[PDB]
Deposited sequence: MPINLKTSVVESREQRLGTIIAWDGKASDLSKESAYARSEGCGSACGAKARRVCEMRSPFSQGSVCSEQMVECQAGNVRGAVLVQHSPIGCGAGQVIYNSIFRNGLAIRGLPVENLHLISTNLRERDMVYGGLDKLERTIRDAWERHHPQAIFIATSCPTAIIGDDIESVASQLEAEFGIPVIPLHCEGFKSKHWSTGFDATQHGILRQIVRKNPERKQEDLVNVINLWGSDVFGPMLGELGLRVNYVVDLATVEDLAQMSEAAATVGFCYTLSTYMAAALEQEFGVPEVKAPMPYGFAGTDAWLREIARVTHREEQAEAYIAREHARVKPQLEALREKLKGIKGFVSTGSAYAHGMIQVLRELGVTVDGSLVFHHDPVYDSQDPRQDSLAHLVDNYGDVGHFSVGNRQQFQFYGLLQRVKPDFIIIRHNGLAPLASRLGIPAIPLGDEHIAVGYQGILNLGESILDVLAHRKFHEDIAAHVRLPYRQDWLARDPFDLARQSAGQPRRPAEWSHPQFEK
């Protein structure tokens, strides 16, 4: 089980067995369960998760350098607000701005002053504290300050332990924020059960679950991202917890089921006809809505399938390739087969053999392999583009699928266009398939830019190794 008694979250590698290196056939990564270029840390994922909670202020206990990530996540936060029909504003992340003397004598007074400043300036309903590499090397003991100031102000003060070097993969930064929210914000033993509300563990993508579950007579509680401290608080009252990506939804949903009694759905992720059907059968079986689902399954099968016949014709024998993420990547590898696109290789940045829910019927890789066939050049690598070049020349695809930065520009210099899917709801469900077909068509038209770049560019790698 998840250990919530501690103010420190274990790492994802320690809790699951994260594998951040591998090359082979996806069937083998499924049966199994010197040079580096830089990765992501857990502090960045904490910035993007706990920094997008509305009504709360995240404190970065670090040197000012670790606070650089406010720019990208501020832009994502603003665009998510604009997408989700909310007023647009900048997120406020505050840094303790530690210096060399604070490395020598400790920086706990600066942390306390920064928390008090957050409370004074914004008066939030919650305050998160983000730890970094240097403040974990010196052991600053942030929990005492957190407890004292929480007792003083009244609002919860949540210490998040999200050092970069603690874990080899950055997915632990989701664990940290979810751990803190579970331990402090989510109210325990509530006296109100909102039987029409379901917790959708999602990101800053267009609202597609709202209309989709509205046909099932459900209200949507988007959490963590663009969520309110009260929405996070009323997460023990919802009738179910769901999400789109398994990787971002294991810890919080499993801990909710174990502790707060929120039912958790063990259903395939909603990508493709089979996956989305099986996903709706169970999100509507938990909420006892197994009568408005078949009437929505049939309606969408009678609406998207006629348009998918002509869409598979426009993409015949086209090669694809997914190079990003862990679980929002097996979903692409499975939707692309729904369009008939050839996918003989992929690159996922990590692979969790088990999930926090520990349920065998939640393997995304097994779903991708058993249904929709196998991938013969499956490869795991923690966002390293000296290895992406080898994979690209090994499979030689017409287009790739990316969501995270760092891999698309290399393929562009090789003349291989990429589909950027920052809006994670674009490829969700039946309209998701219909949108991904159009996206592939548009990208294949964009191939002229990457072919022009590939003919007038020099890769930094050396021909001794390029071979």
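Stretches of the deposited sequence lacking C-alpha coordinates, numbered from 1: 1, 35-58, 493-519.
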